[PDB]
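Enquirer: Sharing a structure below in structure tokens format, with a few things to ask.
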Amino acid sequence: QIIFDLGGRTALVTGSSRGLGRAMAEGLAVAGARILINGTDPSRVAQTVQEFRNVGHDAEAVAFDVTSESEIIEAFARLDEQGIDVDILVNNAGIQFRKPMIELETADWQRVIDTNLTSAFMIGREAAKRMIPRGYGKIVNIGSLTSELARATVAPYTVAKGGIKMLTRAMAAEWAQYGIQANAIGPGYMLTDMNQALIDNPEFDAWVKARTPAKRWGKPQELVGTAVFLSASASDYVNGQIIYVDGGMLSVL
Amino acid sequence: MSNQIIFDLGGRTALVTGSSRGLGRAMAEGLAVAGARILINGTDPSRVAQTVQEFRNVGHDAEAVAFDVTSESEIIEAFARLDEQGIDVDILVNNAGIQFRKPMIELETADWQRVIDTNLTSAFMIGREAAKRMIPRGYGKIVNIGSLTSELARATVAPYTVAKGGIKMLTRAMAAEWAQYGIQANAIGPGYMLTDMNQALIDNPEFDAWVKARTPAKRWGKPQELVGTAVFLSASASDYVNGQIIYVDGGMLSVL
Amino acid sequence: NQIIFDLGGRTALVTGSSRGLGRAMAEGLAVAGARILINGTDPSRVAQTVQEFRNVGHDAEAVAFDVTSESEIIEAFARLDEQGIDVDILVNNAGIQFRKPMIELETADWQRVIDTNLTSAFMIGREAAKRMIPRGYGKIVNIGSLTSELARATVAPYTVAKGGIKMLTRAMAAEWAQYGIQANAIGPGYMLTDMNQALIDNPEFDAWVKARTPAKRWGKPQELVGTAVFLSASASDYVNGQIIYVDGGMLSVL
Amino acid sequence: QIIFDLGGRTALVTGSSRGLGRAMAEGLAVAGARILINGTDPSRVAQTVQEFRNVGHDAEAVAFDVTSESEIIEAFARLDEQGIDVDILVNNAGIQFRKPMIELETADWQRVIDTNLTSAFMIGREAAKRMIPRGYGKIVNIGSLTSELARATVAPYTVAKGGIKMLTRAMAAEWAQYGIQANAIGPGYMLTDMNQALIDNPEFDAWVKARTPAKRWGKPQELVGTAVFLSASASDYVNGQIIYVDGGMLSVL
Ligand SMILES: [Cl-]
Ligand SMILES: [Cl-]
Ligand SMILES: [Cl-]
Ligand SMILES: [Cl-]
Ligand SMILES: [Mg+2]
Ligand SMILES: [Mg+2]
Ligand SMILES: [Mg+2]
């Protein structure tokens, strides 16, 4: 099915050296995309690139700090110079910080906003600058269940992801007319290392299973279909949507 | 060129209601191309036959399954025939529904009811019948067809708006009850699409200009542009997606 | 008083107000100053509620009719017209609950939920709106549910009907706001009423409500009153097509 | 009526020297609340306080830059010392900045985020710390139609207001159990000096009237009912909700 094929396209996935970003990058590569691996640690990025190459994927290392405008600008300039077009941007980079709001230092709030929200804006804007003259491109922002429903102790993350949902709509509002589709994925509770602490908590584990209609956690590879869909011609008239991949959790009391 | 398999529908049988023409036909053809066996359903049996034949000529496995989507007896009867034939309905696309344009202060209750019955009640009855076979098997996909009016109202199309809003909530209710048995119930909300059901809107320059101005993509959608979403929601690619409505509207719903 | 929340001089029809939440809201509107048209299916129950309202100083009239009967709805408004009684405020509160898994759900029970909740609100809203329009002002307050937004197993037809109510509210705004009519909705969460007695008397369900709600408690019937008055008053003249969830924060958190 | 009465309560409205904030503060005063007026121009704040006192309202100036954490903290310390409780907080302060994203400077993006979103978090956090031991409080964040629907050229405002909506829910998530209701108002197109460029653009004016079911702009005082509702006992069981006051605009195509 050509409509899901990504051959001839290049995807930059931020924070793809590990975790969900890597699982999505891997799935995009299987669908045919060349992959630009990104992460803060150059050595960790390089290791992930070699592993992608070892299984026959076309991959390049594009390490940069997603909170640094100058590094973002220089990374895209370097890509321009090598003749590498970024056709698909997945804004996956982001951190979590657990603390009740009355105990939350403004500096930590700010770090979560910068890493999750401002990063997506800066990187999205740089990608779009080049996609616009080409007349096509895909932007896939990674939100969260907290883009819509709040949870105690994760306020700055919740706010940043709520911002990401609206950033997605703002991107569609301005860029859809130029043939660019900006959409989002909202992962539910996934079996991934960032969640290991939650997964290890028997009470939290029980809550996830009782709160989710599917009665189970999601696996990281279960984000791949949605990521491929939103990166492929299959979603050419889809714009400004956030698709939750959460076993039904957001849909029910 | 990619050998990925998460979008393949081989071995699955899809029933698409109102698939003899329009968006339903386009989605049915898309499902067939992805590998699904197709059951075509429609009012005009002549239009149905022509559609089934056209599917067969291009190598699709297709068949007519006749029933009034508003008739419970006809629905239960149709599923009985499928049951005996060992046909599993693995994918149900609830696309059947009519439109009726009339301001509410002039709207006869009988026209209100017909819109509700054909759009909303049909989806409940047919979804209920499909699910009781899906549950024991432990897998299944239900794709309801909503509308932009599942979310935003428009003057003169109230009963449709109400029915499509119901469809969105019906989708969530289905996820609530069936997700645990391995069934994914999701929905598609087509925007303004180039179909004959909208020809009166397309051939009005004011409304045409409005669509292009109101939509960020600045264009109407083509029926084929629902295929990707329909296949995605019918395939293993969406196994952990439940209760979602995905709008295919060039961004119309996302902006002022 | 606070004049923007005053309903003096205005007349409110509240369907299903002979008892339960409908009665509590009708009483709230009366306290706010509205003359109340009490409605229910039983004329005797309706009249008794009317007399109780009047004995504590509220003005109230008996307007019994079956909300699923179009001919009775039309007949009732014809009576009101002839008396010169304007319906300035309509609260569509009537509607039944029916709990049953969808695979066990008879279509007739589904239909009764749809008719009593959704079709009734359309028919009555339509009759009210055509008299409000030439006056250039009016309020329609539909009663949704927190299930207008989020579903729950065993309550599909109610969820669907109330989801319909949310969109009906928006459809009413779309057509009638231009004429100075505001159509809005209330989505109650879990309320300590008699139609929820089973839920309330179930320790597992009671515990779930208290744990699932940020406010860690059920709502009281009186806690809908403020929203009903707000949406019935001058205070909400630029508010249209809104549904206000009164649910202790349930819909807003995981 | 008692359920809308604010007697015995004190409300802090940020950016209430003029515009929407001033209109809401006046309605809160009419409802019985003691009012704390805040704004950047000390003369305009003092003049507004005077006008409130002329009609018998209890009003007082409370000075702080809403983007300065130290000034916010000091302001609440002065309130504590004077025995002034903030029972009701209306986070109304904010700025607008119009510019397409590809041309938007990050510094401007950041100033809009800080002024609209971070401000509401810092001030809400400071207010909540006092409301919690009292077992009572109302927080009303001021969102926008852009909390829900995007518009080209106002992306950082859109994102900030989307953040406001989710912040409101995060507040409900952590604080509802302590008897604090956190909710939001999303004003539609209102006739304020801040909007005077749009109002005076005949194309934008005609668009508002055609796009709004009510076919008209809102007047600032039309926010009063919603503000009082969300500040009074009438909304004791309302938490985490945003109420749009937009003549129906968000509700229709
Ligand atoms: Cl996995
Ligand atoms: Cl097509
Ligand atoms: Cl009765
Ligand atoms: Cl004003
Ligand atoms: Mg098979
Ligand atoms: Mg009158
Ligand atoms: Mg006073």
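Order determines the names: the first chain of the structure tokens is A, the second B, and so forth; residues in each chain are numbered 1 upward, and ligands are numbered 1 upward as they are shown.
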Using only C-alpha atoms, determine which residues of chain D fall within 8 Å of chain C; present them as a VMD selection string.
Expert: chain D and resid 1 3 to 4 30 to 31 169 to 170 172 to 179 213 to 215 218 222 224 to 226 229 233 to 241 243 to 248 251 to 252
Enquirer: Write out, as a compact mmCIF listing (two decimals), in the first residue's frame, the residues just selected, with N, CA and C atoms.
Expert:
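This went into out_24.txt:
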```
# COMPACT_ATOMS: atom_id res chain seq x y z
N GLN D 1 -29.44 37.25 45.60
CA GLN D 1 -29.62 35.92 46.18
C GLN D 1 -28.32 35.38 46.79
N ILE D 3 -26.74 32.57 46.88
CA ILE D 3 -25.77 31.74 46.15
C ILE D 3 -24.89 32.54 45.20
N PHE D 4 -25.21 33.81 44.96
CA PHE D 4 -24.34 34.63 44.11
C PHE D 4 -23.65 35.75 44.88
N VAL D 30 -19.86 44.54 42.89
CA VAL D 30 -21.31 44.66 42.98
C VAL D 30 -21.90 43.43 43.71
N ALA D 31 -21.29 42.27 43.50
CA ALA D 31 -21.72 41.04 44.15
C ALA D 31 -21.37 41.01 45.63
N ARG D 169 -7.22 22.85 34.85
CA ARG D 169 -7.50 21.47 35.23
C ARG D 169 -6.47 20.90 36.21
N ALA D 170 -5.20 21.26 36.02
CA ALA D 170 -4.15 20.82 36.93
C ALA D 170 -4.42 21.37 38.31
N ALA D 172 -7.45 22.13 39.52
CA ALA D 172 -8.57 21.36 40.06
C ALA D 172 -8.07 20.02 40.57
N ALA D 173 -7.19 19.40 39.80
CA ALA D 173 -6.64 18.09 40.15
C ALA D 173 -5.96 18.05 41.51
N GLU D 174 -5.18 19.09 41.82
CA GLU D 174 -4.44 19.11 43.07
C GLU D 174 -5.19 19.78 44.22
N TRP D 175 -6.08 20.72 43.90
CA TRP D 175 -6.63 21.58 44.94
C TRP D 175 -8.12 21.42 45.23
N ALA D 176 -8.87 20.78 44.33
CA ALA D 176 -10.30 20.56 44.57
C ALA D 176 -10.57 19.90 45.92
N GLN D 177 -9.69 18.97 46.31
CA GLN D 177 -9.89 18.21 47.54
C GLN D 177 -9.75 19.10 48.78
N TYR D 178 -9.11 20.26 48.62
CA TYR D 178 -8.96 21.18 49.74
C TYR D 178 -10.05 22.24 49.74
N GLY D 179 -11.05 22.06 48.88
CA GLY D 179 -12.18 22.98 48.86
C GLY D 179 -11.98 24.20 47.98
N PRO D 213 -22.84 33.39 16.07
CA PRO D 213 -24.29 33.14 15.99
C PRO D 213 -25.10 34.33 16.50
N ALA D 214 -24.65 34.93 17.59
CA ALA D 214 -25.33 36.11 18.12
C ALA D 214 -25.17 37.33 17.22
N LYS D 215 -24.28 37.24 16.22
CA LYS D 215 -24.06 38.33 15.27
C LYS D 215 -23.63 39.65 15.92
N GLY D 218 -19.07 41.07 22.02
CA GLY D 218 -19.51 41.15 23.41
C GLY D 218 -19.07 42.46 24.04
N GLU D 222 -20.33 41.94 29.96
CA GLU D 222 -21.00 40.65 29.74
C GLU D 222 -20.21 39.46 30.25
N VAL D 224 -19.30 39.63 33.47
CA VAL D 224 -19.54 39.75 34.91
C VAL D 224 -20.27 38.52 35.47
N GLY D 225 -21.37 38.13 34.83
CA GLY D 225 -22.18 37.05 35.35
C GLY D 225 -21.36 35.78 35.50
N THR D 226 -20.55 35.48 34.49
CA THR D 226 -19.73 34.28 34.53
C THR D 226 -18.67 34.38 35.63
N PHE D 229 -20.50 33.98 39.04
CA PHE D 229 -20.85 32.57 39.12
C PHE D 229 -19.67 31.73 39.57
N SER D 233 -20.80 30.67 45.69
CA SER D 233 -21.16 29.32 46.12
C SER D 233 -21.96 28.58 45.05
N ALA D 234 -22.52 29.34 44.10
CA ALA D 234 -23.25 28.76 42.97
C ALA D 234 -22.40 27.74 42.21
N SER D 235 -21.08 27.91 42.26
CA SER D 235 -20.18 27.02 41.53
C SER D 235 -19.33 26.15 42.45
N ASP D 236 -19.80 25.90 43.68
CA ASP D 236 -19.04 25.08 44.63
C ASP D 236 -18.71 23.66 44.13
N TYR D 237 -19.51 23.13 43.21
CA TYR D 237 -19.24 21.77 42.68
C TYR D 237 -18.75 21.83 41.23
N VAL D 238 -18.39 23.02 40.77
CA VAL D 238 -17.83 23.19 39.43
C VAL D 238 -16.31 23.28 39.56
N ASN D 239 -15.59 22.39 38.87
CA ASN D 239 -14.14 22.38 38.98
C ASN D 239 -13.49 21.95 37.67
N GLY D 240 -12.47 22.70 37.25
CA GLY D 240 -11.71 22.37 36.06
C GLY D 240 -12.36 22.71 34.74
N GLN D 241 -13.41 23.53 34.77
CA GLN D 241 -14.14 23.85 33.54
C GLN D 241 -13.77 25.22 32.98
N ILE D 243 -15.62 28.19 30.75
CA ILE D 243 -16.88 28.65 30.18
C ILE D 243 -16.59 29.74 29.16
N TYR D 244 -16.95 29.50 27.90
CA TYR D 244 -16.76 30.48 26.85
C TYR D 244 -17.92 31.46 26.82
N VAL D 245 -17.60 32.73 26.66
CA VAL D 245 -18.59 33.79 26.64
C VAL D 245 -18.39 34.52 25.32
N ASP D 246 -19.01 33.99 24.27
CA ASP D 246 -18.60 34.29 22.91
C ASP D 246 -19.76 34.40 21.93
N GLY D 247 -20.98 34.56 22.44
CA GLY D 247 -22.15 34.63 21.58
C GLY D 247 -22.36 33.38 20.74
N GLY D 248 -21.72 32.28 21.13
CA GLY D 248 -21.88 31.02 20.41
C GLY D 248 -20.82 30.68 19.38
N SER D 251 -19.13 27.26 19.13
CA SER D 251 -20.09 26.17 19.05
C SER D 251 -20.51 25.82 17.63
N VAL D 252 -20.17 26.69 16.68
CA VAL D 252 -20.64 26.52 15.31
C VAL D 252 -19.50 26.55 14.30
```
Enquirer: Could you please tell me, as a ChimeraX atom specification, which residues of chain D have an atom within 9 Å of chain A when using only C-alpha atoms?
Expert: /D:69,100-104,106,109-110,117-118,121-122,125-126,128-129,146-156,158-175
Enquirer: Can I get the selected residues back with C-alpha atoms, as a CSV table (one decimal), in the first residue's frame?
Expert:
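Just written: out_36.csv:
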```
chain,number,residue,atom,x,y,z
D,69,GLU,CA,8.1,36.2,41.0
D,100,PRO,CA,3.1,34.5,11.8
D,101,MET,CA,5.2,31.8,13.4
D,102,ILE,CA,7.9,31.7,10.7
D,103,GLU,CA,8.7,35.3,11.5
D,104,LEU,CA,8.1,35.1,15.2
D,106,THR,CA,11.6,33.4,20.2
D,109,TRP,CA,7.1,33.9,21.9
D,110,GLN,CA,8.6,33.7,25.4
D,117,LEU,CA,0.7,31.5,31.4
D,118,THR,CA,3.6,31.4,33.8
D,121,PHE,CA,0.9,29.6,37.6
D,122,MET,CA,3.1,31.7,39.9
D,125,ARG,CA,0.4,28.9,43.4
D,126,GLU,CA,1.0,31.8,45.8
D,128,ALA,CA,-3.4,28.5,46.8
D,129,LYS,CA,-0.8,28.3,49.5
D,146,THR,CA,-7.9,30.4,21.3
D,147,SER,CA,-7.8,28.1,24.4
D,148,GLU,CA,-9.7,25.8,22.0
D,149,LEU,CA,-9.5,27.1,18.4
D,150,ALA,CA,-6.3,28.5,16.7
D,151,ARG,CA,-6.0,31.6,14.5
D,152,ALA,CA,-3.2,32.5,12.2
D,153,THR,CA,-0.7,35.1,13.6
D,154,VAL,CA,-1.6,34.6,17.2
D,155,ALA,CA,0.2,31.3,17.9
D,156,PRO,CA,2.0,32.1,21.2
D,158,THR,CA,-3.1,30.6,21.4
D,159,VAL,CA,-0.5,28.2,23.0
D,160,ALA,CA,-0.5,30.2,26.2
D,161,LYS,CA,-4.3,30.2,26.5
D,162,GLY,CA,-4.4,26.5,25.7
D,163,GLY,CA,-1.9,26.2,28.5
D,164,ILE,CA,-4.3,28.3,30.7
D,165,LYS,CA,-7.1,25.8,30.1
D,166,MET,CA,-4.9,22.8,31.1
D,167,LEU,CA,-3.4,24.8,34.0
D,168,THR,CA,-7.0,25.2,35.2
D,169,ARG,CA,-7.5,21.5,35.2
D,170,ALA,CA,-4.1,20.8,36.9
D,171,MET,CA,-5.3,23.2,39.6
D,172,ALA,CA,-8.6,21.4,40.1
D,173,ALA,CA,-6.6,18.1,40.1
D,174,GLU,CA,-4.4,19.1,43.1
D,175,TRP,CA,-6.6,21.6,44.9
```
Enquirer: Which residues form the shell of 7 Å around ligand 1 when you count only C-alpha atoms and all ligand atoms, given as an mmCIF file with N, CA, C and O atoms, in the first residue's frame?
Expert:
```cif
data_model
loop_
_atom_site.group_PDB
_atom_site.id
_atom_site.type_symbol
_atom_site.label_atom_id
_atom_site.label_comp_id
_atom_site.auth_asym_id
_atom_site.auth_seq_id
_atom_site.Cartn_x
_atom_site.Cartn_y
_atom_site.Cartn_z
ATOM 1 N N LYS A 219 2.072 -0.898 24.448
ATOM 2 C CA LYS A 219 3.481 -1.157 24.158
ATOM 3 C C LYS A 219 3.984 -0.042 23.248
ATOM 4 O O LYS A 219 3.212 0.495 22.457
ATOM 5 N N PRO A 220 5.275 0.314 23.354
ATOM 6 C CA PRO A 220 5.804 1.419 22.542
ATOM 7 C C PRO A 220 5.556 1.244 21.047
ATOM 8 O O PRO A 220 5.265 2.226 20.361
ATOM 9 N N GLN A 221 5.654 0.014 20.550
ATOM 10 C CA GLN A 221 5.445 -0.227 19.125
ATOM 11 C C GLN A 221 4.002 0.038 18.698
ATOM 12 O O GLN A 221 3.729 0.199 17.508
ATOM 13 N N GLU A 222 3.085 0.110 19.659
ATOM 14 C CA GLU A 222 1.698 0.446 19.335
ATOM 15 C C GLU A 222 1.483 1.925 18.981
ATOM 16 O O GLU A 222 0.367 2.326 18.648
#
```
Enquirer: Using only C-alpha atoms and all ligand atoms, find each protein or nucleic acid residue lying at most 9 Å from ligand 5; present the set as a PyMOL selection string.
Expert: chain B and resi 10-13+36-37+87-90
Enquirer: Please dump the current selection as a CSV table (one decimal), in the first residue's frame; keep N, CA, C and O atoms.
Expert:
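The result, written out as selection_32.csv:
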```csv
chain,number,residue,atom,x,y,z
B,10,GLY,N,-5.8,-8.4,5.0
B,10,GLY,CA,-6.1,-9.7,4.5
B,10,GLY,C,-6.6,-10.7,5.6
B,10,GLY,O,-6.2,-10.6,6.7
B,11,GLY,N,-7.6,-11.5,5.2
B,11,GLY,CA,-8.2,-12.4,6.2
B,11,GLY,C,-9.3,-11.7,6.9
B,11,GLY,O,-10.0,-12.4,7.7
B,12,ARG,N,-9.5,-10.4,6.8
B,12,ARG,CA,-10.6,-9.7,7.5
B,12,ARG,C,-11.8,-9.5,6.5
B,12,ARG,O,-11.6,-9.2,5.3
B,13,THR,N,-13.0,-9.6,7.1
B,13,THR,CA,-14.2,-9.3,6.3
B,13,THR,C,-14.8,-8.0,6.9
B,13,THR,O,-15.0,-7.9,8.1
B,36,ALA,N,-9.1,-6.6,2.6
B,36,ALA,CA,-10.4,-7.0,3.2
B,36,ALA,C,-11.3,-7.6,2.2
B,36,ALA,O,-11.5,-7.2,1.1
B,37,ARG,N,-12.1,-8.7,2.6
B,37,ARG,CA,-13.2,-9.1,1.9
B,37,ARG,C,-14.3,-8.1,2.2
B,37,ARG,O,-14.4,-7.6,3.4
B,87,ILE,N,-19.6,-16.5,7.9
B,87,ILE,CA,-18.9,-15.2,7.6
B,87,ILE,C,-18.8,-14.4,8.9
B,87,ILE,O,-19.8,-14.1,9.6
B,88,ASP,N,-17.5,-14.1,9.3
B,88,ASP,CA,-17.2,-13.2,10.4
B,88,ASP,C,-17.2,-11.8,10.0
B,88,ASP,O,-16.4,-11.5,9.1
B,89,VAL,N,-17.9,-10.9,10.6
B,89,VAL,CA,-17.8,-9.5,10.3
B,89,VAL,C,-16.7,-9.0,11.3
B,89,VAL,O,-17.0,-8.8,12.5
B,90,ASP,N,-15.5,-8.8,10.8
B,90,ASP,CA,-14.4,-8.4,11.6
B,90,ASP,C,-14.3,-6.9,11.7
B,90,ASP,O,-13.7,-6.3,12.6
```
Enquirer: Restricting the calculation to only C-alpha atoms, which member of D:79, D:66, D:249, D:45 is positioned closest to chain B?
Expert: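 Looking at the shortest contact to chain B, the residue is D:249.
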Enquirer: Mind dumping a table of every chain B residue within 9 Å of chain D, with the nearest atom pair and its distance in Å to one decimal, using only C-alpha atoms, sorted by chain and rising number, as a tab-separated table?
Expert:
```
residue	atom	partner	partner_atom	distance
B:148	CA	D:253	CA	8.3
B:149	CA	D:253	CA	8.2
B:151	CA	D:251	CA	7.8
B:152	CA	D:252	CA	4.6
B:153	CA	D:252	CA	4.6
B:154	CA	D:252	CA	5.8
B:155	CA	D:252	CA	8.4
B:214	CA	D:253	CA	8.4
B:252	CA	D:253	CA	8.3
B:253	CA	D:253	CA	7.7
B:254	CA	D:149	CA	5.4
B:255	CA	D:150	CA	4.6
B:256	CA	D:149	CA	5.6
```
Enquirer: Which residues of chain B are close to chain C, meaning at most 10 Å apart when you count only C-alpha atoms, and how do they look as a PyMOL selection string?
Expert: chain B and resi 72+103-109+112-113+116-117+120-121+124-125+127-132+135+149-178+243
Enquirer: Would you please give, as a list in words, all residues of range 172-246 of chain A that DSSP assigns to strand (DSSP E or B) based on the backbone?
Expert: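 These are the residues in question: residues 180, 181, 182, 183, 184, 185, 186, 187, 190, 218, 242, 243, 244 and 245 of chain A.
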Enquirer: Take the residues from that selection and write them out as a PDB file, in the first residue's frame, keeping C-alpha atoms.
Expert:
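Saved the output as result-v7.pdb:
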```
ATOM      1  CA  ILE A 180       1.899  20.874   5.367  1.00  0.00           C
ATOM      2  CA  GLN A 181      -0.063  18.688   7.792  1.00  0.00           C
ATOM      3  CA  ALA A 182       0.534  19.307  11.471  1.00  0.00           C
ATOM      4  CA  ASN A 183      -1.035  16.726  13.789  1.00  0.00           C
ATOM      5  CA  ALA A 184      -0.328  15.158  17.188  1.00  0.00           C
ATOM      6  CA  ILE A 185      -0.189  11.810  18.977  1.00  0.00           C
ATOM      7  CA  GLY A 186      -1.253  11.536  22.615  1.00  0.00           C
ATOM      8  CA  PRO A 187       0.307   8.374  24.072  1.00  0.00           C
ATOM      9  CA  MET A 190       3.127   2.908  27.743  1.00  0.00           C
ATOM     10  CA  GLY A 218       0.226   0.099  25.676  1.00  0.00           C
ATOM     11  CA  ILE A 242      -4.571  14.914  18.117  1.00  0.00           C
ATOM     12  CA  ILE A 243      -4.968  11.138  18.104  1.00  0.00           C
ATOM     13  CA  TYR A 244      -4.850   9.511  21.535  1.00  0.00           C
ATOM     14  CA  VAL A 245      -3.333   6.048  21.710  1.00  0.00           C
TER      15      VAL A 245
END
```
Enquirer: If you run DSSP on the backbone here, which positions in range 56-153 of chain B get helix (DSSP H, G or I)? Please write them as a PyMOL selection string.
Expert: chain B and resi 56-57+72-84+104-106+109-137+148-150
Enquirer: For residue 41 in chain A, please output as a VMD selection string all residues within 9 Å (counting only C-alpha atoms; exclusion window: fewer than 3 positions along the same chain).
Expert: chain A and resid 17 38 44 to 46 63 to 65
Enquirer: Can I get the selected residues back with N, CA and C atoms, as a compact mmCIF listing (two decimals), in the first residue's frame?
Expert:
```txt
# COMPACT_ATOMS: atom_id res chain seq x y z
N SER A 17 16.94 8.84 20.53
CA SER A 17 18.06 7.95 20.87
C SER A 17 17.59 6.79 21.75
N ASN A 38 17.99 12.05 16.93
CA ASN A 38 18.35 13.21 17.75
C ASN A 38 18.27 12.87 19.23
N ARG A 44 25.42 8.72 22.56
CA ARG A 44 24.23 7.89 22.61
C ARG A 44 23.50 7.98 21.28
N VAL A 45 23.44 9.17 20.70
CA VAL A 45 22.88 9.33 19.36
C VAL A 45 23.66 8.46 18.37
N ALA A 46 24.99 8.55 18.37
CA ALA A 46 25.80 7.78 17.44
C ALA A 46 25.57 6.27 17.59
N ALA A 63 22.48 15.18 16.64
CA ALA A 63 22.41 15.55 18.05
C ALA A 63 22.39 17.07 18.18
N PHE A 64 21.44 17.57 18.97
CA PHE A 64 21.44 18.97 19.39
C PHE A 64 20.51 19.11 20.58
N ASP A 65 20.76 20.16 21.36
CA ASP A 65 19.93 20.52 22.51
C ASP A 65 18.65 21.16 22.01
```
Enquirer: Using only C-alpha atoms and all ligand atoms, which residues have at least one atom no more than 9 Å from ligand 7? Output them as a ChimeraX atom specification.
Expert: /D:7,29-34,55-58
Enquirer: For ligand 2, list the contacting residues at 12 Å or closer, counting only C-alpha atoms and all ligand atoms, as a list in words.
Expert: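 So, counting only C-alpha atoms and all ligand atoms, the residues near ligand 2 are residues 237 of chain A; 21, 22, 23, 24, 25, 26, 27, 29, 30, 193, 194, 195, 196, 220, 221, 222, 223, 224, 225, 226, 227 and 228 of chain B.
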Enquirer: With C-alpha atoms retained, write the just-selected residues as a short mmCIF file (atom, residue, chain, number, x, y, z; two decimals), in the first residue's frame.
Expert:
```
data_model
loop_
_atom_site.label_atom_id
_atom_site.label_comp_id
_atom_site.auth_asym_id
_atom_site.auth_seq_id
_atom_site.Cartn_x
_atom_site.Cartn_y
_atom_site.Cartn_z
CA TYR A 237 -6.30 15.95 4.46
CA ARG B 21 -22.00 4.94 -3.54
CA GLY B 22 -20.37 8.07 -2.13
CA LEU B 23 -17.93 8.07 0.78
CA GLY B 24 -18.98 4.60 1.91
CA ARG B 25 -18.08 3.16 -1.48
CA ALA B 26 -14.73 4.94 -1.45
CA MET B 27 -13.91 3.60 2.01
CA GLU B 29 -12.79 0.14 -2.00
CA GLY B 30 -9.90 1.31 0.19
CA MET B 193 -15.96 16.35 0.70
CA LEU B 194 -16.51 16.29 -3.05
CA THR B 195 -19.50 13.94 -3.25
CA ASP B 196 -22.98 14.05 -4.79
CA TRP B 220 -12.53 20.50 -0.19
CA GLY B 221 -11.54 16.91 0.55
CA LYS B 222 -11.67 14.07 -1.97
CA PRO B 223 -13.51 10.85 -1.00
CA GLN B 224 -10.29 8.85 -1.48
CA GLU B 225 -8.76 10.98 1.29
CA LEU B 226 -10.80 9.01 3.84
CA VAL B 227 -9.19 5.71 2.80
CA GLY B 228 -6.03 6.10 4.90
#
```
Enquirer: Name all residues at most 12 Å from residue 206 in chain A (count only C-alpha atoms; drop same-chain ones fewer than 6 positions away) and give them as number ranges by chain.
Expert: A: 198-200, 212, 215-217
Enquirer: Within 8 Å of ligand 3 (counting only C-alpha atoms and all ligand atoms), which residues show up? I'd like them as a ChimeraX atom specification.
Expert: /C:16-19,39-46,64
Enquirer: Counting only C-alpha atoms and all ligand atoms, what are the residues, protein, DNA or RNA alike, that approach ligand 6 to within 7 Å? I want them as JSON, numbers by chain.
Expert: {"C": [10, 85, 86, 88]}
